[PDB]
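Only one structure is covered here, and it is reproduced in the block below.
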Amino acid sequence: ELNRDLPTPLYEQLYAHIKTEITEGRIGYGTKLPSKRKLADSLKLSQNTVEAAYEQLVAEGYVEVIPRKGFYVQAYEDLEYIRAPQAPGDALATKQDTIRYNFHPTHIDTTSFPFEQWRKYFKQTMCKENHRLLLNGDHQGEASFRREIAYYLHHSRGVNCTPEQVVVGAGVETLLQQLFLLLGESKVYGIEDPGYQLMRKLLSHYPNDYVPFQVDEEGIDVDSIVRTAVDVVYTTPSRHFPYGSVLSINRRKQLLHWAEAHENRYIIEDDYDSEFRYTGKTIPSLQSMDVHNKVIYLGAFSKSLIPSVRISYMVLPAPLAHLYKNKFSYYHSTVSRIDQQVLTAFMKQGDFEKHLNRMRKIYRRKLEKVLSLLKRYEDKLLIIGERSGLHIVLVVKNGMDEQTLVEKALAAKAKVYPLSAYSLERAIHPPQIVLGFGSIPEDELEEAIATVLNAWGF
Amino acid sequence: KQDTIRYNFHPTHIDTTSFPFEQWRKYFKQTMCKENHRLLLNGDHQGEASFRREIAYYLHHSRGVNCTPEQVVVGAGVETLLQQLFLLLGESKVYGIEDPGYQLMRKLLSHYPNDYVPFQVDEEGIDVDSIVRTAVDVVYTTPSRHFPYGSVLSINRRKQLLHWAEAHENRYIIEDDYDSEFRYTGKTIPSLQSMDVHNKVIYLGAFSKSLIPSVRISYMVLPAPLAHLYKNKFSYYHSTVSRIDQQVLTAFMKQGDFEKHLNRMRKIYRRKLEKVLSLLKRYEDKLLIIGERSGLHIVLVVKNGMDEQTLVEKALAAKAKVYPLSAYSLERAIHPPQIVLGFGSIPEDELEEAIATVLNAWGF
DNA sequence: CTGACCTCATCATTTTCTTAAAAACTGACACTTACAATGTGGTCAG
DNA sequence: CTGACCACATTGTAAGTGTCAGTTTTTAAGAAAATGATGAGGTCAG
């Protein structure tokens with residue numbers, strides 16, 4: 001009964017001792033709970049201690065007040081059942097822990113990003129007179145951000161679109177589900193195979209259907225799509241994961257006319273990697289050719305700028321954007337307003353172009369260095385699509401299958417990426433292994449390649 | 001929502017001049033350094049392990065939730081935290097909504113095949129027998145505080161709902177915190193999950209009304225059976241909370257620097273509550289007040305002879321934004337047109353004149 | 001007619017709160033240098 | 001012997017370091033205000 005001098009006050013102790021009398025059944029339902037004045041003298045405490053020992057229990061409902069009469073108990077015998085269900089799980093995860101030598105094609109160089117310009121831009125945004133920027137404003141992104149993106153693409157990638165259409169979102173997947181729900185469940189979607197494992201696995205939930213295709217050195221089987229009944233297609237025009245294949249322009253007229261043939265067809269253009277071609281700038285954007293509103297543009301700030309800021313953009317044609325605005329007036333955006341109002345200045349003053357230039361030159365230098373060390377061993381190793389990209393494809397002509405090769409990389413603490421994962425059909429008798437380097441800086445390429453090549457006995 | 005000319009009232013708003021910019025800036029300028037090059041690349045999809053262990057400790061020491069860290073899952077916004085649950089459970093369910101409630105599960109079921117079962121809510125809480133007579137499988141309740149009337153579930157109805165859930169294995173329970181930790185005299189009650197030793201209820205909480213609306217973090221906990229299914233079925237997605245915004249909050253709430261903001265905010269709001277109540281107590285003849293004292297908003301009922309439509313337009317005619325209740329409840333409301341007002345976004349030194357001009361707009 | 005619910009203060013203690021000083025910072029400049037494009041100048045082939 | 005082919009040297013910026021002057025973080029101290037517990041009261045029915 002001694003609960004003074006405790007860091008716990010007397011309120012939540014006496015209010016905790018009434019719990020035992022009501023729940024444990026020492027005090028029955030409807031019994032007269034002693035009024036405060038009899039209790040106040042009883043425990044030697046003043047009224048204002050025991051007053052709040054009770055004035056809480058009215059809200060929790062253990063007791064009820066009568067305006068001129070004492071408090072009365074209204075709390076039945078609780079149905080306490082003791083049974084502990086427990087369920088185990090497989091808990092699939094395909095990524096390894098902290099171990100050296102990561103070659104994953106998504107990584108971008110980390111050390112060389114201008115921390116300091118970032119912090120300086122940040123300091124001017126979140127300040128004392130910049131409230132109104134902790135609550136939510138427009139749900140479709142900062143208006144300045146849309147205008148800035150519209151002016152950036154119109155002079156850097158050939159896009160012709162007004163800001164009112166543009167959309168900002170969180171990553172790509174959450175940028176894709178608002179499209180699946182926007183179109184319907186009566187469609188079938190055209191993909192590439194082998195390719196990127198996103199749109200194939202992401203449709204393991206929805207009713208829609210997907211048609212596997214094949215990829216040549218010219219591109220995708222445009223004629224095959226013509227001799228089929230699919231409606232909206234996923235292609236990667238300016239570059240093709242992971243062979244670096246580039247779509248021929250005549251096939252591009254064919255695909256434009258294919259979409260134009262039937263009114264309800266739309267084309268997804270996903271140019272994730274752009275402005276990263278070593279020579280001769282890069283091919284202009286596909287939608288620059290289209291004139292009658294049949295193509296949607298998808299792109300992101302997440303290999304250019306930073307992997308972990310989780311931002312993207314997406315353009316809509318006028319009839320589809322109007323419908324999206326009518327049917328999605330109640331969602332709210334997933335990109336922090338502060339990040340939006342920071343990047344609007346970050347690209348309003350042109351620093352992103354400087355970052356582009358620096359990383360482009362860094363990555364060229366890395367690629368010529370790797371090729372020049374890679375070239376001397378050619379009896380057993382060959383490359384495809386060297387000129388552009390952040391990754392190479394390395395065919396191994398040793399006389400033994402690729403699983404042991406993959407596991408021997410992790411035997412010597414090296415991360416390797418076989419192409420079997422990206423490939424549905426298994427027609428690879430000479431294994432194709434893709435390697436990335438973008439996370440590993442220049443000074444480490446030599447030792448990394450040397451040890452990984454020795455691992456296979458070279 | 002909308003921008004305002006002059007003044008507006010909104011329950012989801014907040015008063016932001018009180019937020020410490022600089023105690024955030026210090027953590028930020030600590031967190032992303034040259035030595036910290038690994039944070040640039042993509043992390044885990046459930047939030048960084050520290051950001052989950054710390055949430056586990058915080059919720060155990062503030063709300064009675066006994067959740068082992070690896071269960072909890074992060075998300076961005078609030079609705080985007082929900083969808084992944086919908087497609088996870090299936091499409092053979094019907095969800096229980098309070099007919100007056102937070103109009104969210106209504107608009108997140110208009111786009112999925114399922115449908116919803118409304119319920120009436122009394123001055124003590126939601127019904128508990130209407131669910132029993134019907135075969136609903138999931139119910140969306142607010143155990144700590146009932147938007148927007150303010151009723152609080154007792155022990156009897158809570159125990160009835162939990163025993164109902166334990167009846168069979170085919171039904172699940174949604175807990176929505178809303179504006180808890182702001183309950184003044186006490187901390188409301190040991191949160192509903194505490195009473196459960198059957199692992200049959202999920203937790204859903206937020207970081208966007210107590211810290212910042214626009215930094216967009218939320219979090220749920222899953223019981224032993226559902227967390228494993230969710231992880232094993234959804235390994236291929238990517239987290240949506242920026243990995244740079246996880247370590248800042250891990251510091252911001254690891255050294256004890258969040259409780260010293262919450263404790264300040266309680267007061268920040270209590271004085272405003274008392275001031276507006278003092279101003280209104282003169283006007284008790286007509287403009288009656290309903291609702292237990294907590295949270296961020298009050299519901300004033302106008303027993304004048306004017307209708308809701310002309311009332312609202314007259315309020316907005318003189319640059320005052322009023323918020324009628326017609327939208328929050330499915331059915332047609334009673335003859336006295338109920339009106340919900342929130343005071344959070346108004347400046348403190350202008351309540352006395354803003355409320356006065358509002359009351360002046362309709363009738364003296 | 002007791003009995004009931006209820007409005008003010010001052011306490012001991014502590015967890016918020018404004019102040020002044022010294023140390024770390026970061027801006028517009030001084031330049032000075034590397035980097036890599038372009039104009040140029042040497043002979044070559046009927 | 002000229003147009004072609006092959007050929008280095010000038011050039012206009014990003015990349016490095018020091019100063020300085022200005023806002024700018026870090027730390028100890030004195031002070032204010034809230035909290036829980038005591039105590040003196042307050043009004044009002046049946």
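By order of appearance in the structure tokens: chains A, B, ..., then residues from 1 within every chain, and ligands from 1 in the order shown.
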
Distance query region 289-295 of chain A at most 6 Å, only C-alpha atoms (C1' of nucleotides), self and fewer than 5 positions along chain excluded, as a PDB file with C-alpha atoms, in the first residue's frame:
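File produced: out09.pdb:
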```
ATOM      1  CA  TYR A 266      -1.492   2.577 -75.279  1.00  0.00           C
ATOM      2  CA  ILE A 267       2.287   2.181 -75.111  1.00  0.00           C
ATOM      3  CA  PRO A 317      -1.837  12.494 -72.437  1.00  0.00           C
TER       4      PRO A 317
END
```

I'd like the contact shell of residue 5 (chain C) - 10 Å cut-off, only C-alpha atoms (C1' of nucleotides), skipping same-chain residues fewer than 6 positions apart - returned as a short mmCIF file (atom, residue, chain, number, x, y, z; two decimals) with N, CA, C and O atoms (P, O5', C5', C4', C3', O3' and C1' of nucleotides), in the first residue's frame.
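Written output follows (out23.cif):
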```
data_model
loop_
_atom_site.label_atom_id
_atom_site.label_comp_id
_atom_site.auth_asym_id
_atom_site.auth_seq_id
_atom_site.Cartn_x
_atom_site.Cartn_y
_atom_site.Cartn_z
N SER A 35 -17.95 6.38 -1.28
CA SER A 35 -17.78 7.74 -1.74
C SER A 35 -16.46 8.31 -1.23
O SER A 35 -15.81 7.75 -0.34
N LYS A 36 -16.05 9.43 -1.82
CA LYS A 36 -14.68 9.91 -1.62
C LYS A 36 -14.43 10.32 -0.17
O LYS A 36 -13.37 10.00 0.39
N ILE A 66 -23.58 8.82 -10.64
CA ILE A 66 -24.94 9.31 -10.53
C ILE A 66 -24.82 10.72 -9.97
O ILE A 66 -24.07 10.93 -9.01
N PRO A 67 -25.51 11.71 -10.54
CA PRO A 67 -25.16 13.12 -10.24
C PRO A 67 -25.15 13.46 -8.76
O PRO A 67 -24.27 14.22 -8.33
N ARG A 68 -26.08 12.93 -7.97
CA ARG A 68 -26.11 13.24 -6.55
C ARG A 68 -25.83 12.03 -5.67
O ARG A 68 -25.96 12.13 -4.44
N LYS A 69 -25.45 10.90 -6.25
CA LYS A 69 -25.22 9.66 -5.53
C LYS A 69 -23.81 9.16 -5.83
O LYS A 69 -23.12 9.67 -6.71
N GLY A 70 -23.38 8.16 -5.08
CA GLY A 70 -22.03 7.65 -5.21
C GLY A 70 -21.81 6.92 -6.52
O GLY A 70 -22.74 6.50 -7.21
P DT D 43 -21.35 28.57 -1.75
"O5'" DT D 43 -22.01 27.47 -2.71
"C5'" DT D 43 -21.97 27.65 -4.12
"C4'" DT D 43 -22.74 26.56 -4.84
"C3'" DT D 43 -24.23 26.51 -4.52
"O3'" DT D 43 -24.97 26.20 -5.69
"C1'" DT D 43 -23.22 24.45 -3.92
P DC D 44 -26.52 26.58 -5.79
"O5'" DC D 44 -27.27 25.20 -5.53
"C5'" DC D 44 -26.99 24.08 -6.37
"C4'" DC D 44 -27.49 22.79 -5.73
"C3'" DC D 44 -28.76 22.92 -4.91
"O3'" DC D 44 -29.88 22.69 -5.76
"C1'" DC D 44 -27.14 21.39 -3.95
#
```

- Check: which chain A residues lie within 8 Å of chain D using only C-alpha atoms (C1' of nucleotides), as JSON, numbers by chain: {"A": [9, 46, 48, 49, 68]}

Serialized selection, N, CA and C atoms, as a CSV table (one decimal), in the first residue's frame:
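In the end it all went to result16.csv:
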```csv
chain,number,residue,atom,x,y,z
A,9,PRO,N,3.5,8.2,-9.5
A,9,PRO,CA,2.7,8.9,-8.6
A,9,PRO,C,1.6,8.1,-8.0
A,46,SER,N,-5.7,13.1,0.8
A,46,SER,CA,-6.7,14.1,0.6
A,46,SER,C,-7.7,13.7,-0.5
A,48,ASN,N,-8.2,15.3,-3.4
A,48,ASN,CA,-7.7,15.5,-4.7
A,48,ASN,C,-6.8,14.4,-5.2
A,49,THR,N,-6.3,13.5,-4.3
A,49,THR,CA,-5.7,12.3,-4.8
A,49,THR,C,-6.7,11.3,-5.3
A,68,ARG,N,-26.1,12.9,-8.0
A,68,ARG,CA,-26.1,13.2,-6.5
A,68,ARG,C,-25.8,12.0,-5.7
```

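Across A:297, A:456, A:71, A:234, the tightest approach to chain C is made by A:71 when counting only C-alpha atoms (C1' of nucleotides).
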
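For the set B:3, B:169, B:137, B:22, the residue with the smallest atom-to-atom gap to chain D is B:22, counting only C-alpha atoms (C1' of nucleotides).
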